[PDB]
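Below: the structure, in structure tokens.
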Amino acid sequence: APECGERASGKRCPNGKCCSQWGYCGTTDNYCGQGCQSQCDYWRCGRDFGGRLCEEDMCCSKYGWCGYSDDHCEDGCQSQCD
Ligand SMILES: CC(=O)N[C@@H]1[C@@H](O)[C@H](O[C@@H]2O[C@H](CO)[C@@H](O[C@@H]3O[C@H](CO)[C@@H](O)[C@H](O)[C@H]3NC(C)=O)[C@H](O)[C@H]2NC(C)=O)[C@@H](CO)O[C@H]1O
């Protein structure tokens, strides 16, 4: 049964996860993409997003995306770079 969204009385997902248009929590494009009901910016971080820190100990790249690659953790990384 739905764990978030309108069929869950506006309930939000834990750890900032995206609530899909179908009412479930997750982090792939099916959850965070078009139709996403809430917390759709799970993968964004840094200066352009209220200085939010990434979950899962991910680095916040200079472009404001969360990840583990050298591109997200090296050169311009905003937080949790190591
Ligand atoms: C304005 C512009 O195009 N700027 C470029 C930056 O966007 C780009 O950073 C990378 O952007 C892509 C999306 O366009 C990021 O992919 C996302 O990564 C998350 C999790 O890491 C994943 O859930 C998304 O599905 C995925 N989207 C796609 C479309 O694959 C990618 O992580 C960003 N990389 C970094 C290091 O922040 C940078 C680097 O290529 O270049 C700018 O010109």
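Labels used: A, B, ... for chains in the order of the structure tokens, numbers from 1 for residues in each chain, and numbers from 1 for ligands as shown.
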Which chain A residues have any atom within 8 Å of an atom of ligand 1, and for each, what is the nearest pair of atoms with distance in Å to one decimal, counting only C-alpha atoms and all ligand atoms, rows sorted by chain and number, as JSON lines?
```
{"residue": "A:27", "atom": "CA", "partner": "ligand 1", "partner_atom_place_in_ligand_line": "23 (O)", "distance": 6.9}
{"residue": "A:28", "atom": "CA", "partner": "ligand 1", "partner_atom_place_in_ligand_line": "23 (O)", "distance": 6.0}
{"residue": "A:29", "atom": "CA", "partner": "ligand 1", "partner_atom_place_in_ligand_line": "25 (O)", "distance": 5.9}
{"residue": "A:43", "atom": "CA", "partner": "ligand 1", "partner_atom_place_in_ligand_line": "20 (C)", "distance": 5.6}
{"residue": "A:60", "atom": "CA", "partner": "ligand 1", "partner_atom_place_in_ligand_line": "37 (O)", "distance": 7.4}
{"residue": "A:61", "atom": "CA", "partner": "ligand 1", "partner_atom_place_in_ligand_line": "37 (O)", "distance": 4.8}
{"residue": "A:62", "atom": "CA", "partner": "ligand 1", "partner_atom_place_in_ligand_line": "37 (O)", "distance": 6.4}
{"residue": "A:63", "atom": "CA", "partner": "ligand 1", "partner_atom_place_in_ligand_line": "37 (O)", "distance": 4.6}
{"residue": "A:64", "atom": "CA", "partner": "ligand 1", "partner_atom_place_in_ligand_line": "37 (O)", "distance": 5.9}
{"residue": "A:65", "atom": "CA", "partner": "ligand 1", "partner_atom_place_in_ligand_line": "37 (O)", "distance": 4.3}
{"residue": "A:66", "atom": "CA", "partner": "ligand 1", "partner_atom_place_in_ligand_line": "21 (O)", "distance": 5.0}
{"residue": "A:67", "atom": "CA", "partner": "ligand 1", "partner_atom_place_in_ligand_line": "21 (O)", "distance": 4.5}
{"residue": "A:68", "atom": "CA", "partner": "ligand 1", "partner_atom_place_in_ligand_line": "21 (O)", "distance": 7.7}
{"residue": "A:69", "atom": "CA", "partner": "ligand 1", "partner_atom_place_in_ligand_line": "36 (C)", "distance": 7.3}
{"residue": "A:70", "atom": "CA", "partner": "ligand 1", "partner_atom_place_in_ligand_line": "36 (C)", "distance": 7.8}
{"residue": "A:71", "atom": "CA", "partner": "ligand 1", "partner_atom_place_in_ligand_line": "36 (C)", "distance": 4.5}
{"residue": "A:72", "atom": "CA", "partner": "ligand 1", "partner_atom_place_in_ligand_line": "36 (C)", "distance": 4.3}
{"residue": "A:73", "atom": "CA", "partner": "ligand 1", "partner_atom_place_in_ligand_line": "36 (C)", "distance": 7.9}
```
Secondary structure check, helix (DSSP H, G or I) residues of chain A, as JSON, numbers by chain: {"A": [6, 7, 8, 14, 15, 16, 29, 30, 31, 32, 47, 48, 49, 70, 71, 72, 73]}
If you count only C-alpha atoms, which residues fall within 12 Å of residue A:50, apart from same-chain ones fewer than 4 positions away, as a PyMOL selection string? chain A and resi 41+44-46+54+64
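Distances to residue A:15 were evaluated for A:78, A:58, A:42, A:51 using only C-alpha atoms, and the minimum falls at A:42.
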Find the distance between atom CA of residue A:4 and atom CA of residue A:52 and write it in Å to one decimal. 21.8 Å
Write down as a ChimeraX atom specification the residues of chain A whose backbone DSSP state falls under strand (DSSP E). /A:18-19,25-26,59-60,66-67
Suppose we keep N, CA, C and O atoms; can you now write the selection as a CSV table (one decimal), in the first residue's frame?
```
chain,number,residue,atom,x,y,z
A,18,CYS,N,12.4,10.6,-2.6
A,18,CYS,CA,11.3,11.1,-3.5
A,18,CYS,C,10.0,10.2,-3.3
A,18,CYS,O,10.1,9.0,-3.3
A,19,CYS,N,8.9,10.9,-3.4
A,19,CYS,CA,7.6,10.2,-3.3
A,19,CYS,C,7.0,10.3,-4.8
A,19,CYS,O,6.7,11.3,-5.3
A,25,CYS,N,8.1,5.4,-2.0
A,25,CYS,CA,9.4,6.1,-1.8
A,25,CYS,C,10.6,5.4,-2.5
A,25,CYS,O,10.8,4.2,-2.5
A,26,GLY,N,11.5,6.3,-3.1
A,26,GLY,CA,12.6,5.7,-3.9
A,26,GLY,C,13.5,6.9,-4.4
A,26,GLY,O,13.2,8.0,-4.1
A,59,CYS,N,29.2,12.9,-2.0
A,59,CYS,CA,29.8,14.2,-2.2
A,59,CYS,C,28.8,15.1,-2.9
A,59,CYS,O,28.0,14.6,-3.7
A,60,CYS,N,28.9,16.4,-2.6
A,60,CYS,CA,28.0,17.3,-3.3
A,60,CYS,C,28.9,18.0,-4.3
A,60,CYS,O,29.8,18.8,-4.0
A,66,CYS,N,24.5,15.1,-6.1
A,66,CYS,CA,25.1,14.2,-5.2
A,66,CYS,C,25.6,13.0,-5.9
A,66,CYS,O,25.0,12.4,-6.8
A,67,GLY,N,26.8,12.5,-5.5
A,67,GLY,CA,27.4,11.3,-6.1
A,67,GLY,C,28.7,10.9,-5.4
A,67,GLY,O,29.1,11.5,-4.4
```
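Restricting the calculation to only C-alpha atoms, the smallest distance between residue A:33 and any of A:53, A:77, A:10, A:21 is found for A:21.
Our summary of the geometry notes that atom CA of residue A:82 is positioned 18.4 Å from atom CA of residue A:47.
Atom to atom, atom CA of residue A:13 and atom CA of residue A:1 stand 13.8 Å apart.
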